[PDB]
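Undergrad: Next input, structure requested:
(chains A, B, C and D, ligands or ions: 8)
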Amino acid sequence: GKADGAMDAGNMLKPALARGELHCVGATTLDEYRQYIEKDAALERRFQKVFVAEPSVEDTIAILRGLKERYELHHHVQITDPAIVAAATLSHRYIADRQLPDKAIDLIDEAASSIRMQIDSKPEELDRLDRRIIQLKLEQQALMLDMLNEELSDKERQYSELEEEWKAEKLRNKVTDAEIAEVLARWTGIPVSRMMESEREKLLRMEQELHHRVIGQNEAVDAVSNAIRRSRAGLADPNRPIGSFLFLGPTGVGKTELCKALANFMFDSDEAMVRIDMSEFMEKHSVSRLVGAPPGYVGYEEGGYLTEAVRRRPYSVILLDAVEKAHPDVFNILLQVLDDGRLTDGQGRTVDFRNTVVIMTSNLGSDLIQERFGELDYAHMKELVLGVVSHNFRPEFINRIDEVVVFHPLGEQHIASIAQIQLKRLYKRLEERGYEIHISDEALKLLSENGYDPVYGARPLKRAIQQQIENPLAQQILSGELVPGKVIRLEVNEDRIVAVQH
Amino acid sequence: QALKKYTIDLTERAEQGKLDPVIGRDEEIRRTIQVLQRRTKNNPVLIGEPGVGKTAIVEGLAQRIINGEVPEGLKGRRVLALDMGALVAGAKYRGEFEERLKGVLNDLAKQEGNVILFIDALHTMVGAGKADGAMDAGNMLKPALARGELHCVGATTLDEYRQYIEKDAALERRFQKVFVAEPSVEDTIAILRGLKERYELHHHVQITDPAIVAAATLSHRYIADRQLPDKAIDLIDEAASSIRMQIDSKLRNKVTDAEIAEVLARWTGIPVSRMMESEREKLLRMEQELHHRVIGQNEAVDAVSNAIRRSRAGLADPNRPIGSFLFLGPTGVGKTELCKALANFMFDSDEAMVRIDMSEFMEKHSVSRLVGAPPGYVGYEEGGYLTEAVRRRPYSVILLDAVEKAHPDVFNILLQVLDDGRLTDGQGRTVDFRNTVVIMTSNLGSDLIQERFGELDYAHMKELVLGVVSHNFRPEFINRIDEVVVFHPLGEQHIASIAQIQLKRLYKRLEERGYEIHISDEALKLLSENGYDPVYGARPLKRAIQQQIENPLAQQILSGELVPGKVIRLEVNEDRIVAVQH
Amino acid sequence: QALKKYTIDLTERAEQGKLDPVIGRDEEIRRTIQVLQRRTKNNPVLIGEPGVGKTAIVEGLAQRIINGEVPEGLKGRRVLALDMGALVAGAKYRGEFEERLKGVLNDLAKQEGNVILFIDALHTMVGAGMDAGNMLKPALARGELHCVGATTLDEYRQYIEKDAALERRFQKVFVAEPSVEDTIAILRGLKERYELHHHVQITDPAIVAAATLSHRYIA
Amino acid sequence: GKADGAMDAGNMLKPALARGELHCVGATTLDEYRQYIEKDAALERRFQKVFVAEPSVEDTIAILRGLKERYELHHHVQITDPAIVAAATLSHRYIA
Ligand SMILES: Nc1ncnc2c1ncn2[C@@H]1O[C@H](COP(=O)(O)OP(=O)(O)OP(O)(O)=S)[C@@H](O)[C@H]1O
Ligand SMILES: Nc1ncnc2c1ncn2[C@@H]1O[C@H](COP(=O)(O)OP(=O)(O)OP(O)(O)=S)[C@@H](O)[C@H]1O
Ligand SMILES: Nc1ncnc2c1ncn2[C@@H]1O[C@H](COP(=O)(O)OP(=O)(O)OP(O)(O)=S)[C@@H](O)[C@H]1O
Ligand SMILES: Nc1ncnc2c1ncn2[C@@H]1O[C@H](COP(=O)(O)OP(=O)(O)OP(O)(O)=S)[C@@H](O)[C@H]1O
Ligand SMILES: [Mg+2]
Ligand SMILES: [Mg+2]
Ligand SMILES: [Mg+2]
Ligand SMILES: [Mg+2]
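TA: Numbers count the residues shown, from 1 in each chain, chains lettered A, B, ... in the order given. Ligands and ions are numbered 1, 2, ... in the order given. Below, you will see the structure:
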């Protein structure tokens, strides 16, 4: 209420506060105290500071066991004491901004709202299928090629199955720890929730789901798969990230494909991953471009890059591609990251990385691996290229790595399978304009033999495909020679691969 | 009342049918409905990117309250939309804004908890009525938010939240973060198939469903600025505007997908449009039209011809740039002129290209010239050269001129560029290089090529000079290159044809000046026989043409001797060249 | 009424013929008319380096509304130039900018979408002390305001592309700086008004020499 | 014009500048021009830098000879022309 008639309301109370004739119990924040009171230091002494520490997990458990019955009587549901101890423990582990017991009560109360909404209308999967069948109903109405009425028939059948099963049980009217974990996995993003059977069947086939995109390379697919299975099962070291890997080998063996296949598995898109191309980081300033500017400097109030983009979605994959192409002491930021999951940015708030999968591709032993992947067992190769890495890095940073793996030069059956994959995506690119493509098996032999050399991996297969198909084929498509509808066969001449129209 | 003066009823507008139909957004509406029916903190904030449908989730929630698709507990709730500007506007005295806000709080306590308040732009609430010593709307809604008396549905942006609401941590913890992700391609198709009826009712036209799947796919692929389903709706609506004007001017009546590609080609410049027959026959004559400026060197003309034919025919690898060429040859055989032939074909201009002159980059930090300086350092706010040059012009041609001069590790930036088509500047955003033609022009093996181009076939020449380049670059980097072409030294007849090209462009320029010039073949023979040596390329040719033509020619023009409208016969002397006026 | 306190009716001025006979720039007017007939985001922003005649484009739009060269959705509109410098005039107290601006927005809602607004120097609207983008921003979003913004290229990419919400509520119309021949056509269009004001004659070789020397010797 | 529920002078005359109904002539210091008129758009291109030179010593002599009669007829005194050139020279020499 200060104005031109400046009486400010801190001044009128102030002799009553100083003389003790007013018993004013104040309560304020800890930043707001410093920012608004300790400016005006004539009133900062009138008060006495009672500090209210953040409670422990066990004190939060003791708090929730007497608040429980009030939320029970509001939502008309029960809360079972495993959900209380799960709310306190999980909210202390997986939510880093808020503080106890605000987030514990938030998980409890929102879970009870979720159970009340189950009991009110109908359960979850009924609503999932109900929204999707009304979606496909309106979309099929608007489509008046389809390949859609199959999907609507499938979802309506599954809706009828779950509706009859719901009538057979006519459920959840308590709050178990499963509902707390569902509300935690919708708060933050970390899949803490219990694995429903489709996801568990998907996750036991991790290697089978990844070898549709990474052919060969068994050891690293195993390592990646074991890290994610430990994370979902609940055995990962809770004071470190999920998996801190270091990939090694020649050029074009699927390193960035293994990371893009991780992202396409786990988040259903290739470029949903914090990607730090470490080859911009050749000087010691890129430290500042990932942790941000310090106070006083230019990009302070715009943040860092690694810190902010992980703190948005705390469960993600981090790729540090071409990790040898950096200054050697950019890997001390990663010492903090890989040992404890904490990275303090410029502004002072510590982003938590204990749910991210840090992956570092490289090529540091390419000469050695290309020389000796034959006639050597995998353990001795890992040993000797780890000696090479010890010539590169410092023994701090490679002690923090969860597993160093070795990639190997691709054989000819590998390049046959890769040629099949690249041709499937070429069929997808040319089906959209309206062209159907087959291929002779003799022609695939020409692709596998014209795109093989041991030193460059599986990129010469890609540009051999590019030349020996895509240059005459796009030559003919622009020529108007190849009309859609008819199947474009890929047959060979004596050395060429010609397209025909029959 | 003090609500009707200052709020806007959304359920009344949904009942009147003014709102957009909201299709999709299942789990966002469901989690918001869960957070609204809590005991304490009935406060969902919808934190998402700008454009992804954060308001439309709230209006879809109002439409479900109208239709009855909500649970029984929310049937009949009045979604009121707060207006911060309507509160601040009439309050300049001490305590009029706070009076209005306390009146709103008393009415929303009076409404029996039957009101779901809504604030788009929650940060406007954060700094709302804050004057010198005034209770803003943050500090006055701050008690009635922690007790669930106010059922406020916020909405804010993902980066505006960091600026304004994480500044004030108590009002930051009043709200629950319901995150609204940018939708996928299929969901954008479904969202457009919902809203097709509204744009057809407005523009009085029809929209065909191939144009909708084309709008969603092309907007997801090419436009990097805005987001889904906003940019796809923009392509739909601007194409419908275009068809409505082309009906209404003086023909079509249904939006096709090529209309969507036209609006995309006008927004960006990437030629996604259908090939007209003039441009398609122009494009099949790629090699001949590059040999209308670059005679000689058939190989890379074939290579770049094939690359642009792939780019236009849709066979281009969409996770990579269009072509990533390396040019290797003796000095002065038209490498830079092959790139200028590219720019002159592609954009109908000569220096219409992003031209990095890599002999400036002889140390490790001109890397930082091309990307920019990080946070904290000097050239932060000015960006980078390459990143602004490509972000402002997506479909361009990048020339790394004279790429042998630099430090050996400037070409790691290019590892990112040539592998995935992306490059992160200092300010933390990536530029999409899925549309450029990255071209490098070295001369690492000009001694070897000038020595042994004779008696060695082209494949083994490429093999040998590529082995030398393998000694000079890293195996990671030559693996990324699309096609390492090799340039051959010029012959005599090639230099004669180059001189013919120079004379014809000189005659065209001086005809634009207003003159008419003829020449005898003997002058051409003298020009071909005087300035020949294979070691120096076609530049001694052009400077000999320069001297032995343009010194007497400009000597005689400036005297007024050459009257325009005559015939300038470039005859010869016993040893030199002189022009006459007959 | 708040419009008459702060707006300038351009079409009423072109009705009395005070404006310039804008000749050329036809495709930019056509793209602006494409933008102003959408459903949402009806708000073009004219963008180019300064001096190239963007207010001239909106004057030509107003003259086409007066003559009737517009489609059948713009006959009868009024083009009102808003003055962002005039709303931040008496900015003493709290909530006095918002009173003026809400008066303008209520009176524009009163006309039932009949008024094209022209907010020149659009970089003023971002920083107004929250302030001014956040009262226009929902009405800009729904397309019930038809704000023809007009700002410099560098001011646009410094002020408005920093702020993504206000950036997507507009639509760019890039204004190409005219050629030498187009400047000659402009001066041949505007020769008569200057010869009827100065009461002198102007020699057309001096016109084409003036355009050529101005393009050559001033950067 | 810092008023209440009202307008100032500048943003009420600003319509009359770009409407042709004002033949205004301004006068200001260079610095306040370079802050307050170069920053605006319409106020910039409705105004022209007629720069005023600080005059020379003999020009000041001519001006003082043009105004010697007024001050002499005012104060009933007489002014000497060597006193004029001494005053002008020492005023430009000493006063800052
Ligand atoms: N095992 C594989 N399965 C399928 N495609 C593969 C495989 N290995 C390589 N490729 C293809 O070859 C390309 C090159 O592989 P990348 O992983 O990108 O190279 P890299 O492994 O990153 O090695 P560097 O050192 O980064 S060049 C990939 O993008 C795929 O298109
Ligand atoms: N699920 C959806 N159903 C229908 N229309 C949608 C949907 N999502 C987005 N839209 C449309 O997308 C456009 C923009 O969405 P908006 O919510 O208005 O943007 P926004 O989410 O408000 O983000 P800001 O912060 O206002 S820029 C509108 O035309 C909406 O109708
Ligand atoms: N086939 C050709 N047709 C026309 N002009 C050509 C041809 N080959 C070379 N030239 C001329 O060669 C001259 C020099 O070409 P540039 O490409 O600029 O030199 P360069 O190829 O870059 O060699 P370096 O190593 O960079 S010095 C140009 O002025 C061209 O006119
Ligand atoms: N096509 C045109 N027809 C007629 N006059 C034009 C044309 N283009 C520009 N002009 C004139 O050029 C001048 C430019 O006027 P303005 O539009 O105010 O300037 P501008 O191009 O908008 O640049 P700014 O950023 O507003 S200073 C005026 O005298 C116009 O009459
Ligand atoms: Mg890689
Ligand atoms: Mg919004
Ligand atoms: Mg060159
Ligand atoms: Mg202007």
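Undergrad: got the contact list for residue 353?
TA: Because you didn't say which chain, this covers chain A. Residues in contact with residue A:353 (Cβ atoms under 8 Å, 6 or more residues apart in numbering or on different chains) are A:241, A:310, A:318, A:337, A:341, A:342, A:343. Placement of C-beta: from N, CA and C, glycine included.
Undergrad: not quite, I wanted chain B
TA: Contacts of residue B:353 by Cβ under 8 Å, 6+ apart are B:339, B:340, B:342, B:343, B:347, B:396, B:397, B:398, B:399.
Undergrad: mind listing what's buried in the helix or strand harbouring residue A:91?
TA: Using DSSP states H and E, residue A:91 sits in helix A:81-94. Buried residues in helix A:81-94, counting neighbours by 16 or more other Cβ atoms under 10 Å in any protein chain shown, are found at A:83, A:84, A:85, A:86, A:87, A:88, A:89, A:90, A:91, A:92, A:94.
Undergrad: with these in mind, which one is nearest to chain D?
TA: Using Cβ to the nearest Cβ, residue A:94 is the member of the buried residues of helix A:81-94 that lies nearest chain D, at 51.7 Å.
Undergrad: Residue A:185 is in contact with the closest one, correct?
TA: No. Residue A:94 lies out of contact with residue A:185 (Cβ atoms under 8 Å); the separation is 9.1 Å.
Undergrad: Spit out the residues that contact the two alike.
TA: Common neighbours of residue A:94 and residue A:185 (Cβ under 8 Å, 6+ apart) are residue A:192.
Undergrad: Show me which helix runs longest in the chain.
TA: Defaulting to chain A. The longest helix of chain A (DSSP state H) is helix A:412-433.
Undergrad: wrong chain, I was asking about chain B
TA: Chain B, longest helix under DSSP H: helix B:492-513.
Undergrad: How about that helix and chain C, touching?
TA: No. Applying Cβ under 8 Å from any Cβ of the partner chain, one finds helix B:492-513 separated from chain C by no less than 13.3 Å.
Undergrad: hmm, back to that, any idea which of the buried residues of helix A:81-94 is closest to residue A:121?
TA: Comparing the buried residues of helix A:81-94 against residue A:121 with Cβ to Cβ places residue A:83 closest, at 22.4 Å.
Undergrad: Could you check which residue of the stretch 301-450 of chain A lies nearest chain C?
TA: Closest point on the stretch 301-450 of chain A to chain C, by Cβ to the nearest Cβ, is residue A:302, at 10.4 Å.
Undergrad: and the residue lying closest to that residue once chain neighbours are set aside, how far is that from residue A:281?
TA: Nearest non-adjacent residue to residue A:302, counting by Cβ to Cβ, 6 or more residues apart in numbering or on different chains: residue B:375, 7.0 Å away. According to Cβ to Cβ, to the nearest Å, residue B:375 stands 14 Å off from residue A:281.
Undergrad: Residue A:21 now?
TA: 64 Å.
Undergrad: quick one: which of these two has more around it?
TA: Remark: of residue A:21 and residue A:281, residue A:281 carries more neighbours, 24 against 8, as counted by other Cβ atoms under 10 Å in any protein chain shown.
Undergrad: what sits against that one?
TA: A:289, A:325, A:326, A:327, A:330.
Undergrad: ranking those residues by neighbours, who comes first?
TA: residue A:289 (28 neighbours).
Undergrad: The helix or strand hosting it: what's the following helix or strand?
TA: Taking DSSP H and E as the criterion, residue A:289 maps to helix A:286-291. Downstream of helix A:286-291, the next assigned helix or strand under DSSP H and E is helix A:306-312.
Undergrad: and the residue of the stretch 351-500 of chain A found nearest ligand 6, how many neighbours does it have?
TA: As assessed by Cβ to the ion, ligand 6 sits closest to residue A:351 within the stretch 351-500 of chain A, at 27.5 Å. When neighbours are counted by other Cβ under 10 Å, residue A:351 registers 22.
Undergrad: got it, and the one 4 residues further on?
TA: Applying the criterion other Cβ under 10 Å, we find 23 residues in the vicinity of residue A:355.
Undergrad: now swap in residue B:220 and tell me
TA: Neighbour number of residue B:220 under other Cβ under 10 Å is 18.
Undergrad: Now do the same for it: helix, strand or coil?
TA: Put simply, residue B:220 is helix when judged by DSSP: H, G, I helix; E, B strand; the rest coil.
Undergrad: What segments of the stretch 1-150 of chain A are helices?
TA: For the stretch 1-150 of chain A, the helices defined by DSSP state H, counting those that start in this stretch cover A:14-18, A:31-36, A:57-75, A:81-94, A:102-120, A:124-142, A:149-168.
Undergrad: what kind of secondary structure is residue B:308 in?
TA: Assignment for residue B:308 (three-state DSSP): helix.
Undergrad: Which residues lie in contact with it in this structure?
TA: B:283, B:286, B:322, B:323, B:346, B:437.
Undergrad: pretty sure the residue of the stretch 301-450 of chain A closest to chain C is in contact with residue B:380, am I right?
TA: No. Using Cβ under 8 Å, residue A:302 is not in contact with residue B:380, being 9.2 Å away.
Undergrad: Now list whatever residues contact both of the two.
TA: Common neighbours of residue A:302 and residue B:380 (Cβ under 8 Å, 6+ apart) are residue B:427.
Undergrad: ok, residue A:281 to ligand 6 distance?
TA: Separation of residue A:281 from ligand 6 (Cβ to the ion, to the nearest Å): 37 Å.
Undergrad: what do you get for residue B:497?
TA: 63 Å.
Undergrad: What is the burial count for residue A:403?
TA: When neighbours are counted by other Cβ under 10 Å, residue A:403 comes out with 17.
Undergrad: If it is in a bridge, with which residues?
TA: Beta bridges link residue A:403 to residue A:245, judged by DSSP bridges.
Undergrad: List the contacts of it.
TA: Neighbours of residue A:403 in contact, by Cβ under 8 Å, 6+ apart: A:223, A:243, A:245, A:246.
Undergrad: what's the burial count for the second one?
TA: Residues near residue A:243, counting by other Cβ under 10 Å, number 22.
Undergrad: Which residue is the nearest non-sequential neighbour of it?
TA: residue A:227 (3.2 Å).
Undergrad: That neighbour: what's it in contact with?
TA: A:236, A:242, A:243, A:245, A:357, A:402.
Undergrad: Nearest to residue A:34 among those?
TA: Scanning these for proximity to residue A:34, where the rule is Cβ to Cβ, the winner is residue A:242, at 37.1 Å.
Undergrad: Roughly how far does the closest one sit from ligand 6?
TA: Relative to ligand 6, and taking Cβ to the ion, residue A:242 is found at 35 Å.
Undergrad: Could you say which helix or strand holds residue B:141?
TA: Short version, using DSSP H and E: residue B:141 is in helix B:137-145.
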